[PDB]
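Residue numbers (our numbering): 2 to 459. Even for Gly, the Cβ is constructed at its ideal location relative to N, Cα and C. Here is the structure we will look at.
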Ligand code: HEM
Ligand SMILES: CCCCCCCC/C=C\CCCCCCCC(=O)O
């Protein structure tokens with residue numbers, strides 16, 4: 002009964018190669034509009050790469066990530082390039098290797114443990130507010146500012162008091178390593194990393210610098226409510242059935258927490274603020290809520306308990322992640338033949354599900370380009386399929402850092418909203434690109450007007 006997937010319209014020789022280089026996100030949206038919810042992207046010339054399938058329905062995303070998750074593995078080439086760059090930690094590992102890591106790391110990400118990091122988030126957000134009050138011109142570029150803030154937040158939680166000493170190195174090296182692996186990962190032709198090309202030599206130096214830094218911090222904590230940092234918790238990980246992580250395993254988990262938690266949260270934070278800067282009525286609503294909860298400009302630090310008291314900001318962040326999903330595609334590889342929405346996905350095919358497309362699917366989202374936090378009332382959520390929204394994925398390999406990201410984002414943004422008015426400036430439309438991560442192709446310019454002189458004793 003299963004139909005052949007339609008080939009997305011492209012170049013007669015080169016298939017979708019030029020369209021995916023120039024504008025992948027528009028290409029994905031066109032693919033759904035013209036060809037349906039299960040499609041295939043063809044490369045050219047023939048033989049360069051097998052056809053890549055895509056699944057855009059909420060039902061199909063649930064099937065691939067959850068219902069039939071065992072048939073859709075992390076066997077894409079780009080996963081192997083990530084393993085080669087950061088080790089085979091929680092995001093890339095599979096089978097028994099993954100089950101050991103999950104048993105050892107899931108305890109570190111209980112709601113209560115993650116909540117204990119609220120003061121680190123609050124403190125870093127107060128530090129950013131102090132920095133912004135200090136800008137003579139009152140102007141920022143939100144992509145860059147949130148890239149820096151999000152790394153400081155995840156660094157504080159991983160390394161505590163040692164965040165400041167290691168920040169510069171991670172800030173400079175981590176992005177270069179990710180670019181090398183993901184660009185290698187998506188390229189149909191690549192060199193062995195053993196070739197001494199300039200790019201391989203540059204990558205090997207960067208990897209060596211970052212590995213030595215991580216190894217030193219980890220070895221320092223190997224001697225080991227609680228404000229304990231996450232590497233200390235990783236060093237302490239263990240149970241009656243699984244012994245502790247070794248040095249190689251500790252390094253691979255520290256690197257994946259940084260990689261998986263830095264730019265993802267940064268993108269959500271930047272665009273939430275940019276959207277509020279372009280939508281004053283929604284900004285007024287979040288300000289009124291933050292002022293009620295924290296007692297206005299110059300008021301108190303937010304706490305973990307305040308998450309339940311900031312529902313509107315929480316809806317704002319969900320809507321920002323609907324429109325600007327940090328993982329716009331999620332890749333898998335089919336083991337055996339499958340059928341999604343009456344369409345065949347053959348054994349061995351690479352495929353992707355797409356928060357980008359599903360978050361804009363007209364079947365689930367009226368006026369899908371419109372920014373509307375009220376889409377995330379409990380009632381509005383019940384009126385759409387479960388996987389209409391899935392920026393953190395879903396099922397057995399869903400983001401372990403979802404709640405942490407929301408603690409960082411809700412508490413961090415509440416401080417900034419308590420302390421600044423945001424005014425968009427310049428070109429307010431931000432062009433986007435994408436690989437497996439969302440790419441800002443323009444600035445999110447913003448004027449930040451202080452609401453107070455900052456903290457004052459009482
Ligand atoms: C808004 C921010 C974030 C987004 C959009 C996001 C997105 C995702 C997605 C889509 C996945 C699933 C990938 C797949 O199924 O192949 C994932 C997994 C993961 N994320 Fe996040 N993430 C975010 C924040 C964080 C943070 C702060 C951490 C810090 C620990 C983190 C760590 C991870 C890890 C370790 C995994 C692998 C989980 C597993 O396989 O069990 N993420 N993330
Ligand atoms: C791993 C799934 C394949 C692509 C989906 C992306 C979802 C995984 C998590 C986060 C987004 C990007 C993947 C690499 C993590 C790095 C974080 C980043 O810089 O985006």
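Check	Outcome
In or out: residue 12 buried (at least 16 other Cβ within 10 Å) or exposed?	exposed
Would you give the residue range spanned by the beta strand (DSSP E) that residue 340 belongs to?	339-341
Determine contact between the segment 127-145 and the segment 227-244, defined as no fewer than three beta-carbon pairs at a distance below 8 Å.	no
CA-CA distance, residue 339 and residue 72?	8 Å
When the Cα of residue 64 is compared with those of 377, 229, 167, 354, which residue comes out closest?	354
Between residue 284 and the rest of its own chain, which residues show a CB-CB distance below 8 Å, the 5 nearest in sequence each way excluded?	277, 278, 418, 422, 423
Select from 103, 416, 41 the residue whose C-alpha is nearest the C-alpha of residue 347.	41
Which residues share a DSSP beta bridge with residue 54?	41, 352
Any heavy atom of ligand 2 within a distance shorter than 7 Å of the CB on residue 158?	no
Whole-angstrom Cβ separation of residue 271 and residue 322, contact assumed at under 8 Å?	About 12 Å; that fails the 8 Å criterion.
For the beta strand (DSSP E) containing residue 447, name the first residue and the last one.	446-451
Quick check: does the Cβ of residue 392 come within less than 7 Å of any heavy atom belonging to ligand 1?	yes
By DSSP, does residue 173 sit in helix, in strand, or in coil?	helix
Identify which residue in 34, 23, 77 has its Cα closest to the Cα of residue 349.	77
When the Cα atoms are used, what is the spatial distance from residue 250 to residue 334?	25 Å
I need the boundaries of the alpha helix (DSSP H) containing residue 439, first residue and last residue.	Looking at the DSSP string, residue 439 is not in any alpha helix (DSSP H); the run it does join, the beta strand (DSSP E), is 439-441.
Tell me whether residue 374 is buried or exposed, calling it buried when 16 or more other Cβ atoms sit within 10 Å of its Cβ.	buried
I want to see whether chain C comes within less than 8 Å of residue 333, judged by CB atoms only; does it?	Judged by its chain identifiers, the structure shown contains no chain C, having just a single protein chain.
Out of curiosity, what's the CA-to-CA distance linking residue 443 and residue 147?	15 Å
Look at the alpha carbon of residue 356 and the alpha carbon of residue 292, and state the distance between them as a whole number of angstroms.	33 Å
Between the C-alpha atoms of residue 445 and residue 308, what's the straight-line distance to the nearest angstrom?	26 Å
Would you tell me roughly how many angstroms separate the C-alpha atoms of residue 14 and residue 46, rounded to the nearest one?	6 Å
Please give me, in chain order, every unbroken run of the beta strand (DSSP E) with length at least 3 that falls completely inside the segment 43-112.	53-56
Whole beta strand (DSSP E) runs in the segment 354-434 with 3 or more residues, listed along the chain?	421-425
With DSSP as the reference, label residue 344 as helix, strand or coil.	strand
Indicate, with yes or no, if ligand 2 has a heavy atom lying under 7 Å from the CB of residue 418.	no
Could you say which of 325, 351, 432, 60 lies nearest to residue 336 if we only look at CA atoms?	351
Compute the distance between the beta-carbons of residue 412 and residue 126, then report whether it is under 8 Å.	yes
On the DSSP letters alone, give me the boundaries of the beta strand (DSSP E) that residue 335 sits inside.	331-335
CA-CA distance, residue 379 and residue 85?	42 Å
Would you check if there are 3 or more beta carbon pairs closer than 8 Å linking the segment 430-437 to the segment 249-264?	no
Which same chain residues end up closer than 7 Å to residue 123 when comparing Cβ atoms and leaving out the 5 residues on each side of it in sequence?	302, 303, 412, 416
To test your reading of the DSSP string, which unbroken alpha helix (DSSP H) runs of 4 or more residues are found completely within the segment 164-248?	164-187, 199-222, 231-237
Between residue 396 and ligand 2, is there a pair consisting of the residue's CB and a ligand heavy atom that are separated by less than 7 Å?	no
With respect to 7 Å, is the separation between the Cβ of residue 360 and the closest non-hydrogen atom of ligand 2 below this value?	no
Does the distance from the C-beta atom of residue 452 to that of residue 420 stay below 8 Å?	yes
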